[PDB]
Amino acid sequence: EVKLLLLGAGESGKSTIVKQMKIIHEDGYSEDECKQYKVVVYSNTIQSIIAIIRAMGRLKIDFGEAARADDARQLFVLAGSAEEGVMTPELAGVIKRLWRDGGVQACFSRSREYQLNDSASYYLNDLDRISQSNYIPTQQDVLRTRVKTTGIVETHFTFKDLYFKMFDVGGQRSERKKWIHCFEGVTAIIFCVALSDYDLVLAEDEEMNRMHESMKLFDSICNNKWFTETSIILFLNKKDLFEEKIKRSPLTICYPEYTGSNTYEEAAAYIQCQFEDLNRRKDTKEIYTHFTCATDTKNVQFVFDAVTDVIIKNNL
């Protein structure tokens, strides 16, 4: 038996790692299970374009074309039209024209100044495909969905003749008073950190840098006496999003002292160092760090295999 906790701040990738365990180590996503995520894909798409439009007021950004004003009004009225899982051609076209507008794109480019789902552009760039009447979400579409977790959710699966009791939790501040319930007899923690958080603020506190929040939380977890004998695994996640973002948003936003390059390898390495430095028992305890893309099955399978080996080796 291995009791495994997935911890981390909101949106760090915990439940996505959980989806990957189902894909790799449990039963996978049937077509019928995929179909159940259609209304979520639609909602994520609709809510994302709404969020960008709404932000254009806060940000003092006009539409590239005046005609989009009526599309925006139409979008707000239609927003409920797809709660039964049908995106009307009308809604689909409204969204397409808005997403292609230059003002909207200027706002999208500045999404760190508001709250926007990571999968927004993923879906919006695939609007033609996802809007067809016969649309069935793909396995990657499912992995990309955003559903906020509340509470503590236990699942199980077997791997390398081990029985995993896996606990997935909510990451927002309001949720964290609940975590203690699952802190007994923990074999391993996978602590997820969104690398791409470095220039974002918390949805629950817009004057808190998301990576600073993650650092405080990791400090708390890594050094908690409950976990002295627990294998601490750090997933520096959203490596794909980070690779893209680092070329346009400087790391100094998060770490004003950073004098390295704004390149994936250097900036990623620096973040790893900042998190690993939070270990106040370095002579006594390892952190097992991996750079991850939680939406990439091949990557998570490889990393989780490695993680399992660490856990076996640490329970000999």
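From 1 onward, residues are counted along the sequence shown.
Stretches 81-89 and 135-143 differ in mean CA B factor, with 81-89 having the higher one. When the modelled residues of the chain are ordered by C-alpha B-factor, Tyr288 sits in the middle third.
Among all modelled residues in this chain, the alpha-carbon of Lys35 has a temperature factor (C-alpha) in the middle third.
Looking at the C-alpha B-factors along this chain, the one for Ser119 belongs to the middle third.
Sorting the modelled residues of the chain by their CA temperature factor places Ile246 in the highest third. In the PDB entry, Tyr258 places in the middle third of its chain by CA B-factor.
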